[PDB]
Amino acid sequence: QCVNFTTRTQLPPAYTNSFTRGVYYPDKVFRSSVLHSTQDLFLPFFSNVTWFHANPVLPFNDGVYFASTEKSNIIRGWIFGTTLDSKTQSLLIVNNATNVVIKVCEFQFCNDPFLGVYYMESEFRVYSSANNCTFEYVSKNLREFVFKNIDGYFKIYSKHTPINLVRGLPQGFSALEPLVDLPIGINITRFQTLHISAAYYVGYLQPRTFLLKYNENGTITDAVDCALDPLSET
Amino acid sequence: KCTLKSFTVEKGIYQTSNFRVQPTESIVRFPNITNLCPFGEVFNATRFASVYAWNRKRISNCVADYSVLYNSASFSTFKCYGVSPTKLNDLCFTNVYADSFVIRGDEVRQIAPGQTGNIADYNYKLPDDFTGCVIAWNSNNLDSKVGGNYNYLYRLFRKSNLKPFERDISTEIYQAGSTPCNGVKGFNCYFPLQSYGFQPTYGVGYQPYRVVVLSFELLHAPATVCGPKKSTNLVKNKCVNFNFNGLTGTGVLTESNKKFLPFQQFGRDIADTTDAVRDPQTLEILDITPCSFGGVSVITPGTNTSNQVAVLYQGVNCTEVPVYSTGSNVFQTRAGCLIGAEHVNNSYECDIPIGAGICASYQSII
Amino acid sequence: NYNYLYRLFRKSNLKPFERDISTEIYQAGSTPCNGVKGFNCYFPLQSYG
Ligand SMILES: *[C@@H]1O[C@H](CO)[C@@H](O[C@@H]2O[C@H](CO)[C@@H](O)[C@H](O)[C@H]2NC(C)=O)[C@H](O)[C@H]1NC(C)=O
Ligand SMILES: *[C@@H]1O[C@H](CO)[C@@H](O[C@@H]2O[C@H](CO)[C@@H](O)[C@H](O)[C@H]2NC(C)=O)[C@H](O)[C@H]1NC(C)=O
Ligand SMILES: *[C@@H]1O[C@H](CO)[C@@H](O[C@@H]2O[C@H](CO)[C@@H](O)[C@H](O)[C@H]2NC(C)=O)[C@H](O)[C@H]1NC(C)=O
Ligand SMILES: *[C@@H]1O[C@H](CO)[C@@H](O[C@@H]2O[C@H](CO)[C@@H](O)[C@H](O)[C@H]2NC(C)=O)[C@H](O)[C@H]1NC(C)=O
Ligand SMILES: *[C@@H]1O[C@H](CO)[C@@H](O[C@@H]2O[C@H](CO)[C@@H](O)[C@H](O)[C@H]2NC(C)=O)[C@H](O)[C@H]1NC(C)=O
Ligand SMILES: *[C@@H]1O[C@H](CO)[C@@H](O)[C@H](O)[C@H]1NC(C)=O
Ligand SMILES: *[C@@H]1O[C@H](CO)[C@@H](O)[C@H](O)[C@H]1NC(C)=O
Ligand SMILES: *[C@@H]1O[C@H](CO)[C@@H](O)[C@H](O)[C@H]1NC(C)=O
Ligand SMILES: *[C@@H]1O[C@H](CO)[C@@H](O)[C@H](O)[C@H]1NC(C)=O
Ligand SMILES: *[C@@H]1O[C@H](CO)[C@@H](O)[C@H](O)[C@H]1NC(C)=O
């Protein structure tokens, strides 16, 4: 139950720096006061991040780092898939106050998918039909997410932080805890973002090597990119 | 003597072998069993569909206990073809297909690979390479009606047979002859669908029988559906071997005060060696220590002089010694545990070095 | 010909170069056999068609 729109809002994307953000726990192993070197997919330090202020179909690549410095839980939904139609399986995620609800099948999306709020919210018109599927899963503020798809497994890492700075990303370090895992194998190459009724930062992941420090309580407090400059390599 | 491969031994200390504390028992632990597959709604359904319209259900991502289906004696026919059922609790596949219908008593044998019949050729055909199981049980008290239950229909005529895993519910008028029919029966046109006449007065072989067929699929997606894994009790302060959720190894389990973040499952210190683990049931942090082991040595004053020896266990506390379990006065030293030599409180020159500043000599052995 | 026969049920595996001709009922299920096949018990030896 959706139609087209006339206010074709297209704000060109700006570019910003990444600083030292985009670090997550690679595994579920406790380590105390140790420097561990690991090779995996991370967001390189001091990279270029695409700032968006409608929403285009951005390619997924290997993984995606998605940040939103929003107020009062604006950013809600996520769409993943290859063709985003009834021809191929599609993935939809809706974030709520408690947790995220996930559905995996071919929902038929239109040009302007949005959830809609009624003033007590009751509206759902992102798609039109869904024939067959099996997997449904139910479980001021800067929200950081990392989305990965490795060998038939969909991984979502999340972190919430309070920030007061307005213009750019905070200059601090905070590891990302593992949040959600799905044992589903579906090819995904593109993803989108749901509209509401709004600025966000997007970055890509690359395979490289990092050095991580674990304190006495098993929390990551420092990370070093090996292949950045001669001092870091040393 | 055997180690030296000689019949004479001169005075000194020699390393013969080594010992280790054997494990006592085995313990395996797994998280609490949950997410059982909904088998009740299939085998206890109010009614089943027709044989030509057999109902299909997909089962994935749940634990399926086949023991309850095995030990039930209410199933008149329980025939598993592809594999022996007893091992489905161990090995498993990625998907399950359940086909439910109702057939006559004499049609039970037709549900098998390499079988032919009206149902086997016009209603449901199974390939010779089919793997799975079939469960058929009488439902005379429910499906059969005193006035004649015609709610079940079966195909009677078709030009060709049915492909494996193919469902056809077409109501096209079968044309046996060459005279076309425009939707009306005639001399050579008959309705392929016939209604069953199940009644309580019908004898054996005519009573309605509910049949459910389970098939297993192993698509490249990871396997998710099979029986639960049993768990055992937990013991402490004993060198045993453990199988904590796939993490297998021996050692002694003690209590630990280390703190884990709520998303880890086990920890390690350095060189990738397990140090602590959290049990998946009570969610507490234990501690793993390798139970004691070490080499042994024999101190002798020479075969020519005497024929008695002393035994030294290197770096082993004098609490777990085990025929030489008592011997003489047992002495505990920093180097290890000494058996067969008494301890004096004098001080002379060193003859056969032992370690940690002490050594023994022959007077008995002191 | 039904003079050819082979075992198909057994409690466990066989050691190398070992022959067993024990013609005893097999307790396939949890129901005890007590010398009668009934249910969950079958003859371990089957012939050749
Ligand atoms: C609805 O069910 C059909 C039939 O099971 C699904 O088709 C499967 O699609 C996957 C896609 O990779 C194949 O690997 C399977 O082999 C297909 N099944 C069969 C029996 O061929 C379909 O994906 C399901 N969902 C829909 C149609 O949205
Ligand atoms: C590691 O965690 C422990 C347990 O919470 C911390 O110890 C307490 O931490 C709180 C707040 O961080 C303090 O108010 C208490 O005084 C601490 N008590 C003790 C006995 O230390 C500890 O601070 C954390 N960090 C480190 C480096 O150990
Ligand atoms: C269908 O319903 C019957 C009757 O409730 C189930 O049989 C019972 O199974 C439980 C299992 O714990 C036993 O304790 C009862 O004694 C059984 N009752 C009878 C009358 O046999 C049967 O398990 C159900 N089928 C499925 C697939 O759940
Ligand atoms: C997993 O383990 C048991 C499974 O039953 C449960 O935990 C305890 O269960 C016993 C009896 O079932 C209760 O008396 C205890 O009060 C339970 N303890 C807790 C902390 O719940 C429970 O299902 C699971 N426990 C945990 C810690 O996950
Ligand atoms: C050998 O084991 C015994 C226990 O079987 C140890 O004695 C304990 O030592 C600890 C630490 O010194 C004390 O807290 C306990 O009270 C002692 N228990 C008893 C019953 O004495 C002994 O220390 C161990 N020896 C060595 C060398 O480690
Ligand atoms: C990103 O690239 C643009 C040009 O492509 C550049 O102007 C901008 O400074 C870059 N952002 C950085 C280096 O943070
Ligand atoms: C989000 O969805 C969950 C699952 O349906 C629900 O329990 C929760 O109340 C929802 N949050 C809302 C509506 O804010
Ligand atoms: C993904 O694409 C590859 C390449 O064609 C194919 O082999 C694989 O089966 C696909 N998997 C899914 C889930 O579509
Ligand atoms: C044993 O010792 C005695 C006394 O010194 C000596 O006479 C004898 O030859 C020795 N025998 C051997 C085999 O060493
Ligand atoms: C060891 O020292 C104690 C301390 O008084 C003494 O009584 C004992 O006699 C000494 N041992 C020997 C063998 O003399």
# chains A, B, ... in the order shown; residues from 1 in each chain; ligands from 1

call {"tool": "residues_around", "arguments": {"residues": "stretch 170-173 of chain A", "least_positions_apart": "2", "cutoff": "9 Å", "atoms": "only C-alpha atoms", "output": "list in words"}}
result
residues 19, 20, 21, 22, 23, 163, 164, 165, 168, 175, 221, 222 and 223 of chain A

call {"tool": "residues_around", "arguments": {"residues": "residue A:126", "least_positions_apart": "2", "cutoff": "12 Å", "atoms": "only C-alpha atoms", "output": "PyMOL selection string"}}
result
chain A and resi 1-3+77-79+84-85+92-94+107-116+123-124+128-130+193-196

call {"tool": "residues_near_ligand", "arguments": {"ligand": "ligand 9", "cutoff": "8 Å", "atoms": "only C-alpha atoms and all ligand atoms", "output": "NGL selection string"}}
result
:B and (8 or 304-305)

call {"tool": "write_last_selection", "arguments": {"atoms": "N, CA and C atoms", "output": "PDB file, in the first residue's frame"}}
result
ATOM      1  N   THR B   8      74.440 -55.262  35.177  1.00  0.00           N
ATOM      2  CA  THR B   8      75.101 -54.618  36.301  1.00  0.00           C
ATOM      3  C   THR B   8      74.842 -53.121  36.243  1.00  0.00           C
ATOM      4  N   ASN B 304      76.838 -54.096  42.857  1.00  0.00           N
ATOM      5  CA  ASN B 304      77.855 -54.860  43.573  1.00  0.00           C
ATOM      6  C   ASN B 304      77.715 -54.703  45.082  1.00  0.00           C
ATOM      7  N   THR B 305      77.390 -53.497  45.549  1.00  0.00           N
ATOM      8  CA  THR B 305      77.339 -53.247  46.985  1.00  0.00           C
ATOM      9  C   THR B 305      76.052 -53.782  47.606  1.00  0.00           C
TER      10      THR B 305
END

call {"tool": "residues_near_ligand", "arguments": {"ligand": "ligand 4", "cutoff": "9 Å", "atoms": "only C-alpha atoms and all ligand atoms", "output": "list in words"}}
result
residues 31, 32, 33, 280, 281, 282, 283 and 284 of chain B

call {"tool": "write_last_selection", "arguments": {"atoms": "N, CA, C and O atoms", "output": "mmCIF file, in the first residue's frame"}}
result
data_model
loop_
_atom_site.group_PDB
_atom_site.id
_atom_site.type_symbol
_atom_site.label_atom_id
_atom_site.label_comp_id
_atom_site.auth_asym_id
_atom_site.auth_seq_id
_atom_site.Cartn_x
_atom_site.Cartn_y
_atom_site.Cartn_z
ATOM 1 N N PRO B 31 23.853 -27.052 26.563
ATOM 2 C CA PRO B 31 22.807 -26.117 26.996
ATOM 3 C C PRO B 31 21.452 -26.801 27.090
ATOM 4 O O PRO B 31 21.235 -27.900 26.573
ATOM 5 N N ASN B 32 20.528 -26.132 27.775
ATOM 6 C CA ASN B 32 19.219 -26.715 28.039
ATOM 7 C C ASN B 32 18.486 -26.974 26.729
ATOM 8 O O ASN B 32 18.503 -26.139 25.820
ATOM 9 N N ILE B 33 17.846 -28.138 26.633
ATOM 10 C CA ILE B 33 17.145 -28.509 25.411
ATOM 11 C C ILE B 33 15.901 -27.645 25.255
ATOM 12 O O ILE B 33 15.134 -27.445 26.206
ATOM 13 N N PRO B 280 27.541 -24.290 30.065
ATOM 14 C CA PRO B 280 26.385 -23.715 29.359
ATOM 15 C C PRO B 280 25.072 -23.820 30.117
ATOM 16 O O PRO B 280 24.069 -23.271 29.644
ATOM 17 N N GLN B 281 25.033 -24.501 31.263
ATOM 18 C CA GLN B 281 23.783 -24.700 31.992
ATOM 19 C C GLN B 281 23.626 -23.722 33.152
ATOM 20 O O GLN B 281 22.650 -22.969 33.199
ATOM 21 N N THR B 282 24.568 -23.719 34.093
ATOM 22 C CA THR B 282 24.480 -22.831 35.244
ATOM 23 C C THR B 282 25.170 -21.492 35.022
ATOM 24 O O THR B 282 24.994 -20.583 35.841
ATOM 25 N N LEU B 283 25.943 -21.353 33.944
ATOM 26 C CA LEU B 283 26.587 -20.093 33.570
ATOM 27 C C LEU B 283 27.481 -19.568 34.697
ATOM 28 O O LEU B 283 27.264 -18.489 35.252
ATOM 29 N N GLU B 284 28.500 -20.358 35.026
ATOM 30 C CA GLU B 284 29.502 -19.974 36.007
ATOM 31 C C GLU B 284 30.888 -20.262 35.448
ATOM 32 O O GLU B 284 31.066 -21.154 34.617
#

call {"tool": "select_by_dssp", "arguments": {"residues": "chain C", "states": "strand (DSSP E)", "output": "list in words"}}
result
residues 5, 6, 7, 26, 27, 41, 42, 45, 46 and 47 of chain C

call {"tool": "residues_around", "arguments": {"residues": "residue B:191", "least_positions_apart": "2", "cutoff": "12 Å", "atoms": "only C-alpha atoms", "output": "list in words"}}
result
residues 153, 154, 155, 156, 157, 158, 170, 171, 172, 173, 174, 175, 176, 181, 183, 184, 185, 186, 187, 188, 189, 193, 194 and 195 of chain B

call {"tool": "write_last_selection", "arguments": {"atoms": "N, CA, C and O atoms", "output": "mmCIF file, in the first residue's frame"}}
result
data_model
loop_
_atom_site.group_PDB
_atom_site.id
_atom_site.type_symbol
_atom_site.label_atom_id
_atom_site.label_comp_id
_atom_site.auth_asym_id
_atom_site.auth_seq_id
_atom_site.Cartn_x
_atom_site.Cartn_y
_atom_site.Cartn_z
ATOM 1 N N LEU B 153 -10.757 -38.410 -1.578
ATOM 2 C CA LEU B 153 -10.813 -38.691 -3.004
ATOM 3 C C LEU B 153 -9.448 -39.150 -3.498
ATOM 4 O O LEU B 153 -8.408 -38.675 -3.034
ATOM 5 N N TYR B 154 -9.465 -40.080 -4.448
ATOM 6 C CA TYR B 154 -8.246 -40.615 -5.035
ATOM 7 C C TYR B 154 -8.371 -40.617 -6.550
ATOM 8 O O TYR B 154 -9.455 -40.832 -7.100
ATOM 9 N N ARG B 155 -7.248 -40.372 -7.220
ATOM 10 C CA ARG B 155 -7.216 -40.439 -8.673
ATOM 11 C C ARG B 155 -7.285 -41.891 -9.132
ATOM 12 O O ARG B 155 -6.647 -42.775 -8.553
ATOM 13 N N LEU B 156 -8.068 -42.134 -10.181
ATOM 14 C CA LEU B 156 -8.259 -43.475 -10.719
ATOM 15 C C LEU B 156 -7.698 -43.650 -12.120
ATOM 16 O O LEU B 156 -7.174 -44.721 -12.438
ATOM 17 N N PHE B 157 -7.788 -42.630 -12.968
ATOM 18 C CA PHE B 157 -7.339 -42.722 -14.349
ATOM 19 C C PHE B 157 -6.399 -41.571 -14.671
ATOM 20 O O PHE B 157 -6.646 -40.427 -14.276
ATOM 21 N N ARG B 158 -5.323 -41.883 -15.389
ATOM 22 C CA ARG B 158 -4.404 -40.869 -15.882
ATOM 23 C C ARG B 158 -3.616 -41.457 -17.044
ATOM 24 O O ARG B 158 -3.289 -42.645 -17.039
ATOM 25 N N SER B 170 -5.298 -31.859 -10.523
ATOM 26 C CA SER B 170 -6.120 -31.477 -11.662
ATOM 27 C C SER B 170 -7.372 -32.340 -11.739
ATOM 28 O O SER B 170 -7.327 -33.554 -11.516
ATOM 29 N N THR B 171 -8.498 -31.703 -12.060
ATOM 30 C CA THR B 171 -9.782 -32.378 -12.191
ATOM 31 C C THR B 171 -10.208 -32.503 -13.651
ATOM 32 O O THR B 171 -11.403 -32.498 -13.959
ATOM 33 N N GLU B 172 -9.239 -32.611 -14.557
ATOM 34 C CA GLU B 172 -9.546 -32.740 -15.975
ATOM 35 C C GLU B 172 -10.241 -34.067 -16.252
ATOM 36 O O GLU B 172 -9.875 -35.107 -15.698
ATOM 37 N N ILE B 173 -11.254 -34.025 -17.115
ATOM 38 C CA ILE B 173 -11.999 -35.229 -17.463
ATOM 39 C C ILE B 173 -11.095 -36.149 -18.273
ATOM 40 O O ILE B 173 -10.622 -35.782 -19.355
ATOM 41 N N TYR B 174 -10.851 -37.347 -17.751
ATOM 42 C CA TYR B 174 -10.002 -38.306 -18.445
ATOM 43 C C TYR B 174 -10.704 -38.811 -19.699
ATOM 44 O O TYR B 174 -11.878 -39.191 -19.657
ATOM 45 N N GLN B 175 -9.982 -38.818 -20.815
ATOM 46 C CA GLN B 175 -10.518 -39.230 -22.109
ATOM 47 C C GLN B 175 -9.800 -40.511 -22.530
ATOM 48 O O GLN B 175 -8.751 -40.471 -23.175
ATOM 49 N N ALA B 176 -10.375 -41.655 -22.150
ATOM 50 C CA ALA B 176 -9.786 -42.938 -22.520
ATOM 51 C C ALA B 176 -9.819 -43.151 -24.028
ATOM 52 O O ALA B 176 -8.846 -43.641 -24.613
ATOM 53 N N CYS B 181 -14.180 -34.586 -25.229
ATOM 54 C CA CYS B 181 -15.280 -34.207 -24.353
ATOM 55 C C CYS B 181 -15.077 -32.774 -23.887
ATOM 56 O O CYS B 181 -13.985 -32.413 -23.438
ATOM 57 N N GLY B 183 -15.889 -31.114 -21.233
ATOM 58 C CA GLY B 183 -16.196 -31.016 -19.821
ATOM 59 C C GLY B 183 -17.337 -31.880 -19.337
ATOM 60 O O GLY B 183 -17.754 -31.740 -18.184
ATOM 61 N N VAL B 184 -17.858 -32.770 -20.178
ATOM 62 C CA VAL B 184 -18.950 -33.660 -19.804
ATOM 63 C C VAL B 184 -18.539 -35.094 -20.103
ATOM 64 O O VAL B 184 -17.930 -35.374 -21.142
ATOM 65 N N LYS B 185 -18.861 -35.999 -19.184
ATOM 66 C CA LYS B 185 -18.537 -37.404 -19.369
ATOM 67 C C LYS B 185 -19.415 -38.019 -20.455
ATOM 68 O O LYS B 185 -20.509 -37.536 -20.761
ATOM 69 N N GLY B 186 -18.917 -39.104 -21.042
ATOM 70 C CA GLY B 186 -19.640 -39.791 -22.093
ATOM 71 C C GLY B 186 -19.287 -41.260 -22.197
ATOM 72 O O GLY B 186 -19.056 -41.924 -21.183
ATOM 73 N N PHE B 187 -19.250 -41.779 -23.426
ATOM 74 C CA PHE B 187 -18.928 -43.189 -23.625
ATOM 75 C C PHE B 187 -17.498 -43.502 -23.200
ATOM 76 O O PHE B 187 -17.246 -44.530 -22.560
ATOM 77 N N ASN B 188 -16.549 -42.629 -23.544
ATOM 78 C CA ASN B 188 -15.136 -42.869 -23.272
ATOM 79 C C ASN B 188 -14.534 -41.812 -22.354
ATOM 80 O O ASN B 188 -13.308 -41.670 -22.300
ATOM 81 N N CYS B 189 -15.365 -41.067 -21.631
ATOM 82 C CA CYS B 189 -14.904 -40.040 -20.707
ATOM 83 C C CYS B 189 -15.408 -40.361 -19.308
ATOM 84 O O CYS B 189 -16.608 -40.578 -19.111
ATOM 85 N N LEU B 193 -11.338 -38.826 -10.478
ATOM 86 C CA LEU B 193 -11.393 -38.764 -9.023
ATOM 87 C C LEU B 193 -12.570 -39.582 -8.511
ATOM 88 O O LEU B 193 -13.698 -39.427 -8.990
ATOM 89 N N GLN B 194 -12.302 -40.451 -7.537
ATOM 90 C CA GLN B 194 -13.327 -41.268 -6.906
ATOM 91 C C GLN B 194 -13.261 -41.084 -5.399
ATOM 92 O O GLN B 194 -12.172 -41.036 -4.819
ATOM 93 N N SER B 195 -14.427 -40.980 -4.770
ATOM 94 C CA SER B 195 -14.514 -40.783 -3.331
ATOM 95 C C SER B 195 -14.446 -42.121 -2.605
ATOM 96 O O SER B 195 -14.996 -43.123 -3.069
#

call {"tool": "closest_atom_pairs", "arguments": {"of": "chain A", "to": "ligand 6", "cutoff": "12 Å", "atoms": "only C-alpha atoms and all ligand atoms", "output": "CSV"}}
result
residue,atom,partner,partner_atom_place_in_ligand_line,distance
A:13,CA,ligand 6,1 (C),10.9
A:14,CA,ligand 6,1 (C),8.4
A:15,CA,ligand 6,1 (C),5.1
A:16,CA,ligand 6,14 (O),4.5
A:17,CA,ligand 6,14 (O),3.6
A:18,CA,ligand 6,14 (O),6.9
A:19,CA,ligand 6,14 (O),8.6
A:44,CA,ligand 6,14 (O),11.9
A:45,CA,ligand 6,14 (O),10.5
A:46,CA,ligand 6,14 (O),6.9
A:47,CA,ligand 6,14 (O),6.1
A:48,CA,ligand 6,11 (N),4.7
A:49,CA,ligand 6,14 (O),7.1
A:50,CA,ligand 6,1 (C),8.2
A:51,CA,ligand 6,11 (N),10.4
A:168,CA,ligand 6,14 (O),10.8
A:169,CA,ligand 6,14 (O),11.1
A:203,CA,ligand 6,1 (C),11.5

call {"tool": "write_last_selection", "arguments": {"atoms": "C-alpha atoms", "output": "CSV table (one decimal), in the first residue's frame"}}
result
chain,number,residue,atom,x,y,z
A,13,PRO,CA,26.7,12.9,-0.3
A,14,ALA,CA,29.5,14.6,1.6
A,15,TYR,CA,32.8,13.0,2.6
A,16,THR,CA,34.3,12.8,6.1
A,17,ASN,CA,37.1,11.1,8.0
A,18,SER,CA,36.9,7.8,9.9
A,19,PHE,CA,39.5,8.5,12.7
A,44,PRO,CA,40.9,1.1,8.0
A,45,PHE,CA,42.0,3.9,10.2
A,46,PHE,CA,41.6,7.5,8.8
A,47,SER,CA,39.5,6.5,5.8
A,48,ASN,CA,36.8,8.3,3.8
A,49,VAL,CA,33.2,7.9,5.0
A,50,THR,CA,30.2,8.8,2.9
A,51,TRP,CA,28.0,11.2,4.9
A,168,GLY,CA,32.0,15.3,13.0
A,169,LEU,CA,32.6,11.8,14.4
A,203,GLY,CA,31.9,3.0,5.3

call {"tool": "closest_residue", "arguments": {"among": "B:210, B:268, B:167, B:87", "to": "chain C", "atoms": "only C-alpha atoms"}}
result
B:87

call {"tool": "closest_atom_pairs", "arguments": {"of": "chain B", "to": "ligand 3", "cutoff": "7 Å", "atoms": "only C-alpha atoms and all ligand atoms", "output": "JSON lines"}}
result
{"residue": "B:39", "atom": "CA", "partner": "ligand 3", "partner_atom_place_in_ligand_line": "27 (C)", "distance": 4.4}
{"residue": "B:40", "atom": "CA", "partner": "ligand 3", "partner_atom_place_in_ligand_line": "28 (O)", "distance": 3.5}
{"residue": "B:42", "atom": "CA", "partner": "ligand 3", "partner_atom_place_in_ligand_line": "27 (C)", "distance": 6.6}
{"residue": "B:43", "atom": "CA", "partner": "ligand 3", "partner_atom_place_in_ligand_line": "27 (C)", "distance": 4.8}
{"residue": "B:44", "atom": "CA", "partner": "ligand 3", "partner_atom_place_in_ligand_line": "1 (C)", "distance": 4.7}
{"residue": "B:68", "atom": "CA", "partner": "ligand 3", "partner_atom_place_in_ligand_line": "23 (O)", "distance": 6.6}
{"residue": "B:69", "atom": "CA", "partner": "ligand 3", "partner_atom_place_in_ligand_line": "27 (C)", "distance": 6.6}
{"residue": "B:72", "atom": "CA", "partner": "ligand 3", "partner_atom_place_in_ligand_line": "21 (O)", "distance": 6.9}

call {"tool": "residues_around", "arguments": {"residues": "stretch 349-355 of chain B", "least_positions_apart": "6", "cutoff": "6 Å", "atoms": "only C-alpha atoms", "output": "PyMOL selection string"}}
result
chain B and resi 12+335+361

call {"tool": "residues_near_ligand", "arguments": {"ligand": "ligand 1", "cutoff": "6 Å", "atoms": "only C-alpha atoms and all ligand atoms", "output": "number ranges by chain"}}
result
A: 105-106, 131-133

call {"tool": "closest_residue", "arguments": {"among": "B:28, B:261, B:108, B:136", "to": "chain A", "atoms": "only C-alpha atoms"}}
result
B:261

call {"tool": "closest_atom_pairs", "arguments": {"of": "chain B", "to": "ligand 2", "cutoff": "12 Å", "atoms": "only C-alpha atoms and all ligand atoms", "output": "Markdown table"}}
result
| residue | atom | partner | partner_atom_place_in_ligand_line | distance |
| --- | --- | --- | --- | --- |
| B:257 | CA | ligand 2 | 4 (C) | 10.5 |
| B:258 | CA | ligand 2 | 4 (C) | 9.5 |
| B:259 | CA | ligand 2 | 2 (O) | 7.5 |
| B:260 | CA | ligand 2 | 2 (O) | 9.7 |
| B:261 | CA | ligand 2 | 2 (O) | 10.1 |

call {"tool": "write_last_selection", "arguments": {"atoms": "C-alpha atoms", "output": "short mmCIF file (atom, residue, chain, number, x, y, z; two decimals), in the first residue's frame"}}
result
data_model
loop_
_atom_site.label_atom_id
_atom_site.label_comp_id
_atom_site.auth_asym_id
_atom_site.auth_seq_id
_atom_site.Cartn_x
_atom_site.Cartn_y
_atom_site.Cartn_z
CA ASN B 257 36.75 -15.74 40.49
CA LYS B 258 37.56 -14.42 37.01
CA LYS B 259 34.88 -12.27 35.38
CA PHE B 260 33.62 -12.86 31.84
CA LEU B 261 31.73 -10.41 29.68
#

call {"tool": "interface_residues", "arguments": {"of": "chain A", "to": "chain B", "cutoff": "10 Å", "atoms": "only C-alpha atoms", "output": "compact mmCIF listing (two decimals) with N, CA and C atoms, in the first residue's frame"}}
result
# COMPACT_ATOMS: atom_id res chain seq x y z
N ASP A 27 35.99 -12.64 18.13
CA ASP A 27 35.57 -13.96 18.59
C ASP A 27 34.98 -13.83 19.99
N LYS A 28 34.70 -14.98 20.60
CA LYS A 28 34.09 -15.07 21.92
C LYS A 28 35.07 -15.62 22.95
N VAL A 29 36.33 -15.21 22.86
CA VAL A 29 37.40 -15.73 23.71
C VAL A 29 37.81 -14.65 24.70
N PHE A 30 37.82 -15.00 25.98
CA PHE A 30 38.26 -14.07 27.01
C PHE A 30 39.78 -14.01 27.06
N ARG A 31 40.32 -12.80 27.10
CA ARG A 31 41.76 -12.59 27.21
C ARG A 31 42.00 -11.43 28.16
N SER A 32 42.98 -11.58 29.05
CA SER A 32 43.25 -10.60 30.09
C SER A 32 44.67 -10.08 29.94
N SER A 33 44.80 -8.77 29.75
CA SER A 33 46.08 -8.07 29.74
C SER A 33 47.06 -8.71 28.75
N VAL A 34 46.70 -8.65 27.47
CA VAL A 34 47.51 -9.28 26.43
C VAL A 34 47.34 -8.51 25.13
N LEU A 35 48.40 -8.48 24.34
CA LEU A 35 48.39 -7.86 23.02
C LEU A 35 48.29 -8.98 21.98
N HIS A 36 47.17 -9.01 21.25
CA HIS A 36 46.88 -10.07 20.30
C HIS A 36 46.79 -9.49 18.90
N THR A 134 10.60 -19.12 5.27
CA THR A 134 10.71 -19.88 6.50
C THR A 134 11.22 -19.05 7.66
N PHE A 135 12.26 -18.23 7.45
CA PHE A 135 12.99 -17.64 8.56
C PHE A 135 12.37 -16.31 8.97
N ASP A 151 30.43 -16.96 4.87
CA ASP A 151 30.20 -18.40 4.64
C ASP A 151 28.87 -18.88 5.24
N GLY A 152 27.79 -18.28 4.76
CA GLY A 152 26.46 -18.72 5.14
C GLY A 152 26.01 -18.28 6.52
N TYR A 153 26.55 -17.18 7.03
CA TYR A 153 26.25 -16.69 8.36
C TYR A 153 26.18 -15.17 8.32
N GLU A 177 30.51 -4.84 20.52
CA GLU A 177 30.15 -6.16 21.00
C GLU A 177 29.38 -6.92 19.92
N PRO A 178 29.44 -8.25 19.93
CA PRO A 178 28.61 -9.03 18.99
C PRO A 178 27.18 -9.12 19.49
N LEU A 179 26.24 -8.89 18.58
CA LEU A 179 24.84 -8.79 18.95
C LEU A 179 23.99 -9.92 18.39
N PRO A 183 22.05 -18.17 11.03
CA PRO A 183 22.60 -19.26 10.21
C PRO A 183 21.84 -19.44 8.89
N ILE A 184 21.75 -18.37 8.11
CA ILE A 184 21.02 -18.37 6.85
C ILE A 184 21.99 -18.07 5.72
N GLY A 185 21.88 -18.84 4.64
CA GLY A 185 22.69 -18.58 3.46
C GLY A 185 21.89 -18.00 2.32
N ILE A 186 22.03 -16.69 2.10
CA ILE A 186 21.40 -16.00 0.97
C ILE A 186 22.40 -15.00 0.41
N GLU A 216 42.77 -6.02 32.11
CA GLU A 216 42.53 -7.04 33.12
C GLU A 216 41.10 -7.56 33.13
N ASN A 217 40.17 -6.89 32.45
CA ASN A 217 38.77 -7.29 32.46
C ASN A 217 38.29 -7.78 31.10
N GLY A 218 39.20 -8.08 30.18
CA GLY A 218 38.81 -8.59 28.89
C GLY A 218 38.15 -7.60 27.97
N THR A 219 38.38 -6.30 28.17
CA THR A 219 37.80 -5.26 27.34
C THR A 219 38.89 -4.63 26.48

call {"tool": "residues_around", "arguments": {"residues": "residue C:43", "least_positions_apart": "5", "cutoff": "9 Å", "atoms": "only C-alpha atoms", "output": "PyMOL selection string"}}
result
chain C and resi 7-9+23-26+37

call {"tool": "closest_residue", "arguments": {"among": "A:233, A:62, A:144, A:225", "to": "residue A:208", "atoms": "only C-alpha atoms"}}
result
A:225

call {"tool": "residues_around", "arguments": {"residues": "residue B:231", "least_positions_apart": "3", "cutoff": "8 Å", "atoms": "only C-alpha atoms", "output": "number ranges by chain"}}
result
B: 27-30

call {"tool": "interface_residues", "arguments": {"of": "chain C", "to": "chain B", "cutoff": "9 Å", "atoms": "only C-alpha atoms", "output": "MDAnalysis selection string"}}
result
chainID C and resid 28:31 39:40
